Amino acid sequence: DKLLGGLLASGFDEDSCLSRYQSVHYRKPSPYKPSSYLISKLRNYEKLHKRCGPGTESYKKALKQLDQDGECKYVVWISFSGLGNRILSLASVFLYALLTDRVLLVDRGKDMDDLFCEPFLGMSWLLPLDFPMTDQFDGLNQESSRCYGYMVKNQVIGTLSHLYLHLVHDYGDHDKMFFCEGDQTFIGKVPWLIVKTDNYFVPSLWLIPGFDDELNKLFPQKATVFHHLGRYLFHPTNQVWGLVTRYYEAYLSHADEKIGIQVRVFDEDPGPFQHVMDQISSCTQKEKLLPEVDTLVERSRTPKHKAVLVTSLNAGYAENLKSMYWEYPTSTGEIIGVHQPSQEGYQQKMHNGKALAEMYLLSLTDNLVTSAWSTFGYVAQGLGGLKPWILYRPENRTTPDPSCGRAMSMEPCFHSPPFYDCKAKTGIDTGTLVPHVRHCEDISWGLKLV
């Protein structure tokens, strides 16, 4: 099923985006099926987009409104921050567009169209380069005159022609009013919304009345939001897809089982660090993801091949594993090969291409280990429909104990959620209101769907 149970629309040009349908030959089928209601929501979204998208008459008339009522409403996502952040925040803004009957338009930035194919059949999701507010995207912040929070603060609130929503991690109490029901009703009248964020803000949408009922219908399995919208939205270009297929076929395709180890060390020193090496071997072995080796001369008595796919900025962790499985027999007899695609040293177009391909490769494994706080790993696990084991975030360069725990769900984590009761107008722990929105396993104040 190259259509993912109805999630994807047929009729795309194969050759211009090989990954779209051809990736069926590379993963196992997801056991999570999209709701019939979500499928209808997306087919109808594509009709709205054909009706209102760039190049249409309707879109031209709506531009003239920004400048000088209407039947077209929009939300523009600004390109900003690292790739993991961009994939997650873009999926969030898309969900928000579905909840508000808006058209999503994508600021291409430097490379989004170099990485990702078109997701909406017959139109394009890219904001035209001549959109007349493009020169202001960089400057837009909490002090912008059309920043919603800045307008609340100054108490400046007819209907505005447009509104900027500051949803970056450094946002304040006024910006956070975005997550309140009364504020959403006001914002819903504004034709043009511009969003900047580096967070996966999905979970808090489930706490806004009105949205909650719609979300219930869209995702009866509440923790499939990113798994469905992410696989629907993001398809690597042929350039990026080449890195995926060539690495898969050369190094991973002959394995009975594949284990992804997504290694991310939030430290200015590049390492590698012995305590992280120790965390990894500790985790994979105590969870029976990888076998022990032993030093007995007398051996006991066809073996499965396991490929270990390690992604990191530094290759020391994979080299450590490689050596160990080369130097010693496994206690179970299994055959273990360790593979790492790259060692880029730090974040830096070939670099973004490689990072996307590596997230994609991780999403092709059978069992996945990820690193606490890493959105690199959230993307991999979401696209793969994979519930990882999480390597907890170490303090004072001490190997955490326990070294890892299983995730509650495959969902990404919202790192900077609001902690606000809109009704009582006072603070509250938003991770203790409903059973399906809980604090994240890797970051105690984050939120995620379960």
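All residue numbers refer to positions in the sequence shown, first residue = 1.
Coverage remark for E46: present in the model in all other entries compared whose chains are built on both sides, leaving no third without it. Compared with the other entries of this protein, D69 is frequently left unbuilt, missing from a third or more of those that build its neighbours.
The entry shows a gap from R301 to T302, with 1 to 3 unmodelled residues of the deposited sequence in between.
Gap check for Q348 to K349: 1 to 3 deposited residues are absent from the model.
Between 21-29 and 427-435, it is 21-29 that carries the larger average Cα temperature factor according to the deposited entry.
When the two stretches 193-201 and 289-297 are set side by side, the higher mean Cα temperature factor goes to 289-297. Note on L99, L160, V225, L90: the highest value goes to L160, judged by CA B factor as recorded. When the C-alpha B factors of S409, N396, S35, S416 are read from the deposited coordinates, the top value falls at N396. Among all modelled residues in its chain, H166 ranks in the lowest third by Cα B-factor.
Among the modelled residues of its chain, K60 has a C-alpha B-factor that falls in the highest third according to the deposited record. Split the chain's modelled residues into thirds by C-alpha temperature factor. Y420 is in the highest one. When the CA B factors of the chain's modelled residues are split into thirds, the value for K387 lands in the lowest one.
Sorting the modelled residues of the chain by their CA temperature factor places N352 in the middle third.
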